[PDB]
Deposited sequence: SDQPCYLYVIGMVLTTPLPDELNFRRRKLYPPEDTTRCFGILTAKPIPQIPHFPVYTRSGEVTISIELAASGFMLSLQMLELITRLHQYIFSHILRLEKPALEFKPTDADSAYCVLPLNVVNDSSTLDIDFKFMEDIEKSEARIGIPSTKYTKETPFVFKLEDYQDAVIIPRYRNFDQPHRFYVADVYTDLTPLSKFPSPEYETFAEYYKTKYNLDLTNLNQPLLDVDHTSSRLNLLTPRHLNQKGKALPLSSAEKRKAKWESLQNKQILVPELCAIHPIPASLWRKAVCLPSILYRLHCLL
């Protein structure tokens, strides 16, 4: 075995998105507000690189890379776990083509092994889980399960499922609230008429959503017939209101998912 190096990818929102730049009128999500973050596990030390900005949805995030631990060993089983999770991040979360990126969390900041094992256990790790509700086993809504979630529609896009940040819980709406489109009276009807979906819960609030994808390179700030059609499609996509009962919750929390989309930027800076 060889001794290990563990680095924290420390993230702080040093300049939040000004009102004039917040075109999609989002909430701002400072990375520092949640303890669980990312890190890098290497065989050899990383040369001390200065702080650098990535430009995210919430504004300007300062990226630092501090040493957490060195000189320690890890078992074969632990590295195999860390590695598989490394590959999951880039292939399933970020959907793409330094030795190991891995999740850290406090108990002080350390390798979050239990988090990784939970992800392996989960059934919404790759696609859409089979969940069966009836009148006697109806869907139950827990507000806190949607406080920091990434949800995926169970009822479409099976080939490659869409993942959305939960952007708002509308506690004033229910599957019986009026439907935005006129061809349907309610949400319940829409999903029944169009998708043949029955709901066991009719008290559940509905979900406002935001798409999870973004450009690879975030090192610079954001500031035509097919490009136009996409702008409208992406706008309709973001104004979608979802029924919780119809969505699986992804095992990767939303606050971590936000940080994961910064990774290719950071890895690229560290190499070139």
property: Deposited residues without C-alpha coordinates, grouped into stretches that follow sequence order; result: 1, 99-111, 122-125, 242-251, 301-302
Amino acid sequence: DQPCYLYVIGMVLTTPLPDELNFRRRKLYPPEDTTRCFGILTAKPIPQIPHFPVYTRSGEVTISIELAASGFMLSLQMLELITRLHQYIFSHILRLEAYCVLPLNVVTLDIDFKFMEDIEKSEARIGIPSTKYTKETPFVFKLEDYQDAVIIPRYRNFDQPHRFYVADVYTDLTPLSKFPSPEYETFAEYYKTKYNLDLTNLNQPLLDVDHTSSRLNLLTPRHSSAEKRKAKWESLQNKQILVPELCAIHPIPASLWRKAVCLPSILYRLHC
From here on, numbers count along this sequence of modelled residues.
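Whichever C-alpha set is largest while still superposing within 1.5 Å between the two forms counts as the rigid core.
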| property | result |
| --- | --- |
| Between stretches 170-178 and 128-136, more displaced by Cα RMS in 6 other deposited structures of this protein (rigid core superposition) | 128-136 |
| Divergent stretch in 6 other deposited structures of this protein, 179-187 or 86-94 [C-alpha RMS, superposed by the core] | 179-187 |
| At least a third of other PDB entries omit residue 223 | yes |
| Average Cα temperature factor in the PDB entry - higher stretch of 53-61, 225-233 | 225-233 |
| Selected stretch [higher average CA B-factor]: 123-131 or 73-81 | 123-131 |
| Residue, from 113, 146, 99, 164, that the PDB entry assigns the highest Cα B-factor | 99 |
| Third assignment of residue 181 from its chain's C-alpha B-factors | highest |
| Chain-relative CA temperature factor third for residue 190 | highest |
| Position of residue 139 among the chain's modelled residues by C-alpha B-factor, lowest, middle or highest third | middle |
| Third assignment of residue 88 from its chain's C-alpha B-factors | lowest |
| Third of the chain's Cα B-factor distribution that residue 174 belongs to, per the entry | middle |
